Amino acid sequence: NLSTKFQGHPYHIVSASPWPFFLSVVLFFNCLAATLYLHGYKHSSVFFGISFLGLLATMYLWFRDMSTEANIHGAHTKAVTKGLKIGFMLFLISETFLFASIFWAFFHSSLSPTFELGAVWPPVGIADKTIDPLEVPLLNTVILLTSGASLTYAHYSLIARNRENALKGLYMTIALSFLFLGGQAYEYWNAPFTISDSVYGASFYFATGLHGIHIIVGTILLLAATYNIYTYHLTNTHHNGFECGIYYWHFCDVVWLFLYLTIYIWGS
Amino acid sequence: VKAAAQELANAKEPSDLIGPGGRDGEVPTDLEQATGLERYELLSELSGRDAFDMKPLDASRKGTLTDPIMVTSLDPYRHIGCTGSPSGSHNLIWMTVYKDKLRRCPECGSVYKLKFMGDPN
Amino acid sequence: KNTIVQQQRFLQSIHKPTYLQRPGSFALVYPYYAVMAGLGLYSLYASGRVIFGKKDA
Amino acid sequence: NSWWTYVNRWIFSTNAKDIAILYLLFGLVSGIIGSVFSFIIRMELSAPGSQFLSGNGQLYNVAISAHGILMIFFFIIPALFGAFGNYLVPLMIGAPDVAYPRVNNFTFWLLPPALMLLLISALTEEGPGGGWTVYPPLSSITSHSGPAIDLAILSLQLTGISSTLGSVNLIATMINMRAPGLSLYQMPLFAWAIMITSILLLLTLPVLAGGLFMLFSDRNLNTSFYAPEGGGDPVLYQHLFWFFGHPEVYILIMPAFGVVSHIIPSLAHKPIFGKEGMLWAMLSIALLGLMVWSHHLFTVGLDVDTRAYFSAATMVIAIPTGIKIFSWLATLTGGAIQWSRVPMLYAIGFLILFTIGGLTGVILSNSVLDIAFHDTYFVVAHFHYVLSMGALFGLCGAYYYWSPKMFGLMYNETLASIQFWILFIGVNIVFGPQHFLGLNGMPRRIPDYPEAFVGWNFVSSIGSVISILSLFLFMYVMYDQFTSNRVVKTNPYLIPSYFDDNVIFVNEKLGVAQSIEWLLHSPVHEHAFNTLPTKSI
Amino acid sequence: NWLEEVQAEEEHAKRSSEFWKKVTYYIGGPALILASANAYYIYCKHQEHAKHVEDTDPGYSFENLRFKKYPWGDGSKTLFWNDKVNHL
Amino acid sequence: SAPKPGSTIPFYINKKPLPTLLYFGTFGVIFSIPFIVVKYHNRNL
Amino acid sequence: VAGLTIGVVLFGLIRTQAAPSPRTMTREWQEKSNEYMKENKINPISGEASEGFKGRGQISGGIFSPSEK
Amino acid sequence: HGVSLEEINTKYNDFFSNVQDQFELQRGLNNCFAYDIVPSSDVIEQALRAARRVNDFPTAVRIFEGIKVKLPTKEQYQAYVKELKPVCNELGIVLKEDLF
Amino acid sequence: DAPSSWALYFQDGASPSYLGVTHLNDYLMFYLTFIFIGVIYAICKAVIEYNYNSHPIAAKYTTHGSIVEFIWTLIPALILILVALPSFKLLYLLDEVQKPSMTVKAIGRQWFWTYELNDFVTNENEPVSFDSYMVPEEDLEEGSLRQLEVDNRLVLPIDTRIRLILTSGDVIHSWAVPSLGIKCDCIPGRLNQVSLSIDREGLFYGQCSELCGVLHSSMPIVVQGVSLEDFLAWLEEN
Amino acid sequence: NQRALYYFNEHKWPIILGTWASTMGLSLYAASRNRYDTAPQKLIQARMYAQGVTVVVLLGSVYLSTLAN
Ligand code: HEA
Ligand code: HEA
Ligand SMILES: CCCCCCCCCCCCCCCC(=O)OC[C@H](COP(=O)(O)OCCN)OC(=O)CCCCCCCCCCCCCCC
Ligand SMILES: CCCCCCCCCCCCCCCC(=O)OC[C@H](COP(=O)(O)OCCN)OC(=O)CCCCCCCCCCCCCCC
Ligand SMILES: CCCCCCCCCCCCCCCC(=O)OC[C@H](COP(=O)(O)OCCN)OC(=O)CCCCCCCCCCCCCCC
Ligand SMILES: CCCCCCCCCCCCCCCC(=O)OC[C@H](COP(=O)(O)OCCN)OC(=O)CCCCCCCCCCCCCCC
Ligand code: CUA
Ligand SMILES: [Ca+2]
Ligand SMILES: [Mg+2]
Ligand SMILES: [Zn+2]
């Protein structure tokens, strides 16, 4: 009786895992180091670096062990992967409602400006120093749109059981994302105003930072996924991460188009 | 399918459930690159049977001593629930059925005899 | 080239926890634990210096 | 060598059962510190003038802020919202374990460092001084110079993100791991409530994360986000904070609703009246408790139309809650009542206190009426007489009702009843006089007060003292229960009906319960639900 | 059985992949190169600099707020500080 | 492994004579922490 | 009953160790203020300047307003 | 809604006309005493006959105890005992108050 | 006007809005006392008589609401409308502005209150301003009220309506007086416009409510009415 | 018409929101009719159509905005 040696539920069993407790400890370390570095206390340089390397090691090892368990033990049943997809969707909805905070912050700071602002949301003297709608950021937006198109092409070709086409599409997407990051860094260096300069600069910088870190997360996800593909650990139906990344990238692109609509059209 | 069914029938220990493996230079398929309990689940679902029991019981055939309603039980204790007559008869109360004993419904009077598709030890 | 099946069968033969199933994982954690302990020991003094108003000079 | 087994069973363990107990213990060790803080602050205002202290107003501000923050975010939320859910929700849904065990393990351990860093922050040269609701200008580097309030901001941030991370797995667990034949509509009321709180908390808290981070950045990056000269409007901060604060108390009190709706039937031996109507009214409450947020900004000076729009809708909250109370009243009558049981005692005492607190809440929901009570002791009386009477009573009832399932022991009924009576009397005579103190027109958060207020403060101080003896008795009864080796059967709350024979009931009636958790042995197995329970489809 | 459905699904996926290759090598490329050319024109048009302005209502009283010293360097420098576009 | 719980999950062994002092001392110190907290803010005064 | 009486007794015992009360808590000053705010028609409707006013007004009475030592 | 007042009376009399199991008898007898419906003379008499048939004594006295508990006043109980005395004397039924 | 000992009601005051607020409070209390006593009696009676020793049989077969849930929906909602309407017309009466006469300024930075009457700027070019300060406990006049007096007391004439201006230049404060029932937030940067009207000629008391640091409880506010001749003498005095 | 264009470019935000909603609805109606197209894929295709239409109308609007005589 084969079922006798087996359990009766398709849900995974995990034990040990010292990763969560030490991850909490290292996060506390990072928080303390950041708080100390805010006030400029001495010997606050190597502390932050050591804490960040510890955090990197701990969640990298957590991810490696989780992927291994999802690979060898084969606990990726239909119910488990469905629940993982619903959890990822719930997380991205939470991210949308997090970004809504900064969206309403900009809306409130813009619709009713203070009486020292000259009765115009664009600051007097700085209004002519704003970002024109037609410049390098528009090129970056078109690059991102073409990157999404290429990524969708690669995903469909991968559905068609194709290695070369999907891999080339992924390579083009990675290169386009890297050049987008370089262009964003260039625009950051050539920023007309600092974050501390009025509320316009602060809101712009806050809005751009979250998108930047989310795009960094997307790039690390893409490079990891191409690592698994090269390592020959991805199959036709054992591909939850691919669809998760695709959905996340489309979500982030939609958020980016909304930002491009508001900040660089209404504010200029 | 039929060959996969023969493979499912021909097994000795869980250590023998493996996948043949794919071919380099092309994306493989789950039929050759599966391992662990996912392989067991896919073979069980293609074979036509169920890996585990997930069959909700039926509210008809009101219980009788001669012919009790049969309940699948991988365990000697197989907790169930009774609605009685077709849905809406009475509130849902939970019951436990021990080894080969009869549990009668305290509102409808329905007995659920138990079996065991496995060696006790 | 597709060694995933061979290594799968090689590694399923052990009863170790999944965070120590792959050989060589133990050597990357013991110095890691020592470094974490040292970080805690240093952070104890750091917090004690923060609460007690003073700065070394 | 059991030491490795010790730490693998406790620290390197991800079982749901082994974690909720630590949730309860952490809640207890936070609550004791908070109760002592409350006792010291109430003893300060026993009589007018500086008393036991050198008139240290900043110390009093630190004390009140610490009491509020630690008892609202380290006592009730972690020890009620997820403590009695992660242990019990898998039992009622028909699943052996939560969806993501590793995140469940991780969420718990983010809290101890939060407590230590909050204590360190409070142990600074100044300490937090903005109260439970810290405000930007007061928090500005102009007032505080040091790492005092930044750590409090960080603690709030990390606790919020942990609670959000502690609620993502629960929703997946109770949306996908349902029992075969268990429709979402047919779900028990307690899990319904807990899922509503989970979704509301996850939807709202990110806003706090973003707002708190951007407000905190003012101290370091010198941003003009809220500076009066920099173009920032603190009314935006108030709107952001009260888009969270208003539904937080509801998501804290809904588990109390569920636990009361669970305690009433089993100890009343009667099914709950109108389950579908109650759950749909609670869903209406959940949806409704978001569009109303500006009742905390009534005297700030907003426009007439906005004030009318956000004050008219404050009243409609009462109707579903009144329907719920009426349904519970109807359920109580007719069926049998064992009033001597401690969970029954707490459930009965919950209703009157909650309804009088709701009446006090509907007193001050009008802009015409709030002007006479805004930021006075009357709002203190209202929110305390709702919080500590509903959430605390629900937590105590849940503990006294499910304790045998957690451990497998029996407490002392006499001592538990004495503790309940003492606590009830003390908390009734503590927040009673404060109603008159706030009705006279005297503000809150003042270590000193005009001389014509001493009597009611004196009346409150004795009850504040009595509450400490109540805490001592609860500690003693908990210790006694833990070391009394009093056995417990499978379903201690199942009794024979009026026509059950003493030999028929014992042999052909055992193993029946209204809920799943009473079917298993009181100390539950590590691996329960080997096969899925199948109901009538 | 499985052969017909897998063949149909793979055929549809291959047709969509070919269509998407045509999309990415037919219309996306021309748009990208046109946008790049326009961006280069805009970048080369304004190579006059003259980014040093003062005495024309300077400061405006909400520029470069300094309430807590900046951690980097002395305390008056930012991470992306520039000697041509950032002034005082 | 199929163990039967002994209905004892106390996180630490408990018995009458000795552990009572430890439990009461832990309770007392965690009760009296606020005291040292309030004393610290009025040390140099 | 025992818990209530223990709480009352303990509060009374730990009560006496407080700081000295303000000098304005004396019967003399309380009555002086009572006759003072009557002059400036401070609450004459049904309070400190009522027509009859047999009541106290601005005196707490009992231990709160002891005689001068 | 469902069954009305008298319909359940007739239905439970018909059910108690033929019961051979103690458990089913107790189940139906429990389910009858929850509708605020005091059983009629035929219903109680047939329940007593069923209890005699399934060979259980204490159920018979429990019937009168439960009826005394459920009835609102002493007069209705006295009328019931007056009209049902012969049956109890025929089947050798001893009341609680006279039992001890 | 001033707090008393063992008080139960609010106080005796004098302000057109204060009387209406008290009337609305009386009506609302009359509404809620009904429901409170009803629910208390229902809870007490449904349990005191239905204990297990007296009711061993439970009518477990009634879990449907035929006509009761509808009345539950309607009747308390009817009470809700009945209480909402008077408050609504009171608010819609208060939101209007009467005919302006004069203004006062109540800017206060930290632990002290500054008042300005700049309406009467004329050839003298001497706008009147001062600062109300917490009187120390030692220097209290024999028979004074502790924690409720100021040295430079504010002066407003009676029966004259003033469009008070509320402003601050520091952490947010509040301007409260229970007798007049008028309050608003001393929010920095923005000015809050409030009105006032005194019927009697008496001393009124009040203080701030929103915490503003360590000494949030050290800025009492005292405004007293004066007659026209006394007001004129006070104005010409400075 | 020399007047329709003035209102067409006067309120760019409301008309652009309306046309975005129209494109979203039309794409959802057209795409959600096939078999080998799951809901996420059809939603992604609809959103890609919306992005393309948004880009083209943005270029058109910034082209016509120069007429500010
Ligand atoms: C603990 C949970 C909790 C609950 C349940 C409530 C319930 C309510 N609260 Fe309260 N509230 C708080 C917690 C809670 N509150 C807190 C913490 C604060 C202070 C915030 C801070 O400063 O940090 C606060 C403050 C607060 C204010 C701010 C006042 C001020 O500071 O200026 C207001 C104003 O509208 C308000 C309103 C309400 C209302 C309308 C309800 C309603 O839900 C009540 C409805 C219930 C009933 C009314 C009883 C049952 C109904 C019936 C019997 C029907 C029949 C009734 C009638 C027709 C009369 N609350
Ligand atoms: C979680 C909600 C909560 C709870 C439970 C409490 C509990 C109490 N609070 Fe607090 N309080 C707040 C929320 C709460 N408070 C908030 C938000 C503020 C405002 C902060 C601000 O202004 O910044 C505040 C402020 C506040 C003040 C303001 C000071 C001032 O304005 O002058 C006062 C003073 O009276 C006070 C008193 C009390 C008292 C006496 C108790 C209790 O003592 C009443 C009785 C309760 C008990 C004595 C505890 C019983 C516990 C158990 C028996 C243990 C159970 C343990 C488990 C099994 C795990 N509270
Ligand atoms: C400052 C703000 C920071 C916010 C950070 C947000 C991070 C949360 C984002 C949630 C994404 C979770 C992944 C998908 C969930 C899932 O689906 O997990 C289930 C899938 C299973 O799929 P499979 O069976 O097909 O493959 C089984 C493989 N053995 O796991 C995966 O294989 C993930 C696939 C790619 C992941 C590889 C590693 C990528 C790391 C990215 C992050 C790196 C660190 C970044 C900085 C912390
Ligand atoms: C509050 C807003 C902040 C952003 C929200 C993100 C919070 C941090 C990211 C946590 C992951 C979110 C869920 C992903 C989906 C999922 O579930 O991933 C799956 C796993 C758990 O599931 P499993 O493996 O058991 O599933 C079973 C597979 N079949 O996740 C993880 O192991 C999380 C990895 C550990 C990271 C925790 C440390 C968090 C650092 C926070 C600081 C960085 C942000 C700072 C912001 C200022
Ligand atoms: C603010 C206060 C204002 C109050 C105004 C409300 C006035 C109307 C309320 C009365 C309606 C219910 C009466 C029952 C009528 C009836 O006969 O209903 C019919 C049923 C009879 O049983 P059956 O269905 O099995 O019949 C089957 C027919 N074949 O009764 C019941 O089941 C009653 C069971 C639930 C009712 C319990 C009531 C508990 C308290 C209710 C609220 C108390 C208010 C306290 C404050 C005053
Ligand atoms: C651990 C998570 C930390 C990052 C969180 C990211 C969240 C995104 C939303 C927040 C907005 C960020 C924008 C600032 C980026 C920036 O670089 O600010 C701009 C300035 C310099 O720019 P400039 O004046 O030269 O520009 C004008 C060009 N001419 O550089 C900085 O001040 C460096 C510090 C910024 C913080 C980023 C690194 C964080 C390290 C410390 C971690 C702090 C933890 C806090 C407690 C958990
Ligand atoms: Cu002034 Cu608070
Ligand atoms: Ca005091
Ligand atoms: Mg206020
Ligand atoms: Zn049944």
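Residues numbered from 1 in each chain as written, not as in the entry; some residues may be left out. Chains lettered and ligands numbered in written order. Part of a larger assembly, values for the part shown. Heavy atoms only, no water.

Per the deposited record, the coordinates in this entry were obtained by cryo-EM to a resolution of 3.4 Å.

Peer 1: Could you give me a rundown of the overall build of chain B, with the residues and numbers involved?
Peer 2: Across its full length, chain B carries 2 helices and 2 strands. Along chain B, helices (α) and strands (β) appear in the sequence α-α-β-β when read from the amino end. The principal-axis extents of the C-alpha atoms in chain B amount to approximately 65 × 35 × 20 Å. Expressed as a percentage of its 121 residues, the buried residues of chain B come to 45%. In chain B, 36% of the contacts between residues at least 6 apart in sequence involve partners at least 24 apart. (Helix = DSSP H or I, 4+ residues; strand = E, 2+ residues; numbered from the N terminus. Buried < 20%, exposed > 50% of the residue type's maximum accessible area, 1.4 Å probe, protein only. Contact = heavy atoms within 4.5 Å.)

Peer 1: Residue-level account of the interface of chain F and chain D, with values.
Peer 2: Facing the 23 residues of chain F at the interface are 34 residues of chain D. Area buried by chain F at its contact with chain D is led by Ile 9, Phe 11 and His 41 of chain F, which between them contribute 26% of it. Taken together, the connections running from chain F to chain D amount to 4 residue pairs in polar contact. Residue composition of the side of chain F that touches chain D, grouped by class: 14 nonpolar, 6 polar and 3 charged. (Buried area = accessible area lost by both parts, 1.4 Å probe. Polar contact = N/O pair within 3.5 Å; in protein donor to acceptor, adjacent residues only side chain to side chain. Nonpolar A, V, L, I, M, F, W, Y, C, P; charged D, E, K, R; others polar.)

Peer 1: Quick one: what's the story with the nonpolar core, residue by residue and with numbers?
Peer 2: Ranked by internal contacts, the top residues of the largest apolar core, which has 152 residues, are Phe 84 and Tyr 400 of chain D. Counting residues per element, this core draws most heavily on helix α10 (residues 189-220) of chain D, at 14 residues. Sequence-distant contacts of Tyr 400 of chain D, defined by excluding residues within four places in its chain, comprise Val 342, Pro 343, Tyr 346, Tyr 411, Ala 416, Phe 474, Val 477 and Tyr 493 of chain D. One finds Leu 138 of chain D together with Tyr 115, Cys 186 and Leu 211 of chain I within the second-largest nonpolar core, a separate group that totals 34 residues. (Core = buried A, V, L, I, M, F, W, Y, C linked by side-chain atoms within 4.5 Å.)

Peer 1: Go over the domain arrangement of chain B with me, naming the residues and quoting the values.
Peer 2: How big an interface is tends to be stated in terms of accessible area lost as the parts join. Assigned domains of chain B: these are domain 1 (1-54) and domain 2 (55-121). Using C-alpha coordinates to define each centre, domain 1 of chain B is positioned 33 Å away from domain 2 of chain B. (Domains from an automatic or database assignment.)

Peer 1: An account of the site of ligand 6 is requested, with residue identities and associated values reported.
Peer 2: Around ligand 6 lies a shell of 15 residues, among which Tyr 205 of chain A together with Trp 72, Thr 78, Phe 80 and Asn 86 of chain E are the nearest. Residues near ligand 6 are shared among chains A, D and E, making this a multi-chain site. Residue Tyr 205 of chain A places a side-chain N or O atom 3.4 Å away from an oxygen atom belonging to ligand 6. Note that an oxygen atom of ligand 6 is positioned 3.0 Å from one of the backbone N or O atoms of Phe 80 of chain E. Considering ligand 6 on its own, with 1000 Å² of exposed area, one finds that the protein chains cover 71% of that surface. Elements with a contribution of two residues or more to the shell around ligand 6: α6 (164-189) and α7 (198-231) of chain A. Ranked by residue count, the leading element in the shell around ligand 6 is α7 of chain A, at 3 residues. (Near = heavy atom within 4 Å. Areas by Shrake-Rupley, 256 points an atom, 1.4 Å probe, with all protein chains shown as cover.)

Peer 1: So, the interface of chain I and chain D: which residues are in play, and what are the values?
Peer 2: Contacts between the two partners involve 73 residues from chain I and, on the opposite side, 77 residues from chain D. Where chain I abuts chain D, roughly 6700 Å² becomes buried across the two surfaces, and 71% of that area is made up of carbon and sulfur atoms. Linking chain I to chain D there are 1 salt bridge. A salt bridge links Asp 233 of chain D to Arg 190 of chain I; the shortest N-O distance between them is 3.8 Å. Counting only elements with at least two residues in the side of chain I that touches chain D, the list comes to α1 (16-48), α2 (68-94) and β6 (182-186) of chain I. For the side of chain I that touches chain D, the class distribution of residues is 45 nonpolar, 20 polar and 8 charged. (Salt bridge = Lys/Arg side-chain N within 4 Å of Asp/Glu carboxyl O.)

Peer 1: Help me get a handle on the sheet that holds strand β3 (residues 154-157) of chain I, residues and values and all.
Peer 2: Backbone-to-backbone hydrogen bonds join strands into a sheet, with any given pair of strands oriented parallel or antiparallel. Residue and element names in this part refer to chain I. Here we have 3 strands laid out as an open sheet, ordered β3-β9-β8, and mixed in their pairing. Pairing within the sheet leaves two strands with one partner each, and these edge strands are β3 and β8 (203-207). This sheet shows a mean twist of 30 degrees between the axes of neighbouring strands, independent of strand direction. Sheet topology note: the β8/strand β9 (residues 220-226) ladder contains 5 bridges and is antiparallel. Note that in β9 the partner of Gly 206 across the bridge is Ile 221. (Pairing = 2+ DSSP bridges. Axes fitted to C-alpha atoms, helices over the stretch in contact; angles between N-to-C directions.)

Peer 1: Go over the pairing of β6 of chain I with me, naming the residues and quoting the values.
Peer 2: Residue and element names in this part refer to chain I. In terms of residue burial, β6 counts as a mostly covered element, since 5 of its 5 residues are buried. As judged from the 5 bridges shared by strand β5 (residues 173-177) and β6, these two strands associate in the antiparallel manner. Bridge assignment links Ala 176 to a residue of β6, and that residue is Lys 183. Here β5 folds back onto β6, and the loop between the two strands holds 4 residues, one of which, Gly 181, carries a positive phi near 65 degrees.

Peer 1: Go over the coordination of the zinc ion (ligand 10), please, and point to the residues and values.
Peer 2: All names here are of chain B. Those protein atoms acting as donors to the zinc ion (ligand 10) are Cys 82 (SG), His 90 (NE2), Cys 105 (SG) and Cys 108 (SG), and they sit at 2.0 to 2.4 Å. Along the chain, the residues that donate to the zinc ion (ligand 10) are spaced as C-x7-H-x14-C-x2-C. Note that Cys 82 is positioned in strand β1 (residues 80-82) and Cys 108 in the segment after β2 (93-95), a separation of 26 residues in sequence. Here the two residues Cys 82 and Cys 108 agree in accessibility, since each one is buried. (Donors = N, O, S within 2.8 Å, 3.2 Å for Na, K, Ca; no water.)

Peer 1: Got a sec to walk through the packing of helix α2 (residues 12-31) of chain J against helix α3 (residues 39-64) of chain J? Specific residues and values, please.
Peer 2: Residues and elements named next belong to chain J. In the contact formed by α2 and α3, the axes pass within 9 Å of each other and the chain directions differ by 150 degrees. By crossing handedness, the relation of α2 to α3 is classed as right-handed. In contact with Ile 16, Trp 20, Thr 23, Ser 27, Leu 28 and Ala 31 of α2, α3 contributes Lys 42, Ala 46, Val 53, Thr 54 and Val 57. (Left-handed = near helix turned anticlockwise from the far one by under 90°.)

Peer 1: Can you lay out α2 of chain I for me, pointing to particular residues and giving the numbers?
Peer 2: For α2 of chain I, built from 27 residues, the straight-helix expectation of 39 Å at 1.5 Å per residue is met to within 8% by its first-to-last C-alpha distance of 40 Å. Buried residues belonging to α2 of chain I abut α13 (304-312), α14 (318-332) and α16 (367-370) of chain D together with α1 of chain I. (Expected span 1.5 Å × (residues − 1).)

Peer 1: Talk me through the UniProt feature "binding site: Cu cation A1" in chain I; I want residue IDs and the actual numbers.
Peer 2: Residues and elements named next belong to chain I. The feature "binding site: Cu cation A1", as annotated in UniProt, sits at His 173, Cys 208, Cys 212 and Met 219 in this numbering. The named residues occupy 47 residues along the chain; their greatest pairwise C-alpha distance, 10.6 Å, places them in one compact cluster. With respect to the helices and strands, the residue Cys 212 is situated in the loop between β8 and β9. Given the relative accessible area of 2%, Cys 212 is considered buried. (UniProt positions renumbered as here; feature names shortened; annotations may be inferred.)

Peer 1: Pulling in residues and values, what's your account of the site of ligand 3?
Peer 2: Residue and element names in this part refer to chain A. In the vicinity of ligand 3 lie 17 residues, with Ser 67, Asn 71, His 76, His 238 and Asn 240 positioned nearest. In the model, an oxygen atom of ligand 3 is placed 2.5 Å from a nitrogen or oxygen of the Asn 240 main chain. At 3.4 Å from an oxygen atom of ligand 3 is found a main-chain nitrogen or oxygen belonging to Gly 241. Starting from 1100 Å² of accessible surface for ligand 3 in isolation, the protein chains cover 66%. Sorting the residues of the shell around ligand 3 by element identifies α3 (45-71), α4 (78-111), α7 and α8 (240-266) as the ones contributing at least two each. Per element, the largest residue contribution to the shell around ligand 3 is 6 residues, and it comes from α3. The residue makeup of the shell around ligand 3, split by class, is 10 nonpolar, 7 polar and no charged. Per-domain counts for the shell around ligand 3 show at least three residues from each of domain 1 (1-75) and domain 2 (76-268).

Peer 1: Which residues make up the sheet that holds strand β1 (residues 512-513) of chain D, and what values go with them?
Peer 2: Strand order in the open sheet formed by 3 strands is β1(B)-β2(B)-β1(D), and the pairing between neighbours is antiparallel. A strand with exactly one partner marks an edge of an open sheet, and here the two such strands are β1 of chain B together with β1 of chain D. Of the strand pairs in this sheet, β2 of chain B and β1 of chain D are connected by 2 bridges, and their pairing is antiparallel. Within the sheet, the bridge partner assigned to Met 95 of chain B lies in β1 of chain D and is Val 512 of chain D.

Peer 1: Residues and numbers for the arrangement of the chains, please.
Peer 2: Of all 20 pairs of chains in contact, the one with the most contacts involves chains D and I. When C-alpha atoms are compared, chain E and chain G, though not in contact, are closest at a spacing of 41 Å.

Peer 1: Could you give an account of a negative patch on the surface, with specific residues and numbers?
Peer 2: Together, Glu 31, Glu 35 and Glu 39 of chain G together with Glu 141 of chain I give the surface a local cluster of negative charge. Structurally, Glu 31 of chain G can be placed in helix α2 (residues 27-37). (Patch = residues over 30% accessible without salt bridge, like charges linked within 9 Å, V, L, I, M, F, W, Y side chains within 5 Å. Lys, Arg positive; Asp, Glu negative; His and termini not counted. Charge placed at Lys NZ, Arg CZ, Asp CG, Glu CD.)

Peer 1: Residues and numbers for the UniProt feature "binding site: Cu cation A2" in chain I, please.
Peer 2: Here, the residues flagged by UniProt with the feature "binding site: Cu cation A2" are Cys 208, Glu 210, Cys 212 and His 216 of chain I. Residue position: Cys 208 of chain I is located in the loop between β8 and β9. Among residues more than four places away in sequence, those in contact with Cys 208 of chain I are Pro 443 of chain D together with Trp 113, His 173, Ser 174, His 216, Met 219 and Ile 221 of chain I. With sequence-adjacent residues up to four places away left out, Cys 212 of chain I is seen in contact with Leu 138 of chain D together with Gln 110, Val 171, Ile 172, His 173 and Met 219 of chain I.

Peer 1: Before we move on, can you summarise unusual backbone geometry with the specific residues and values?
Peer 2: Unusually for a residue other than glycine, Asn 485 of chain D sits at a positive phi of about 45 degrees. The backbone phi angle of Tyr 60 of chain E is positive, close to 65 degrees, even though this residue is not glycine. Locating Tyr 60 of chain E in the fold gives a position in the segment after α2 (28-45). The exposure class of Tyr 60 of chain E is partly exposed, given its relative accessible area of 31%.

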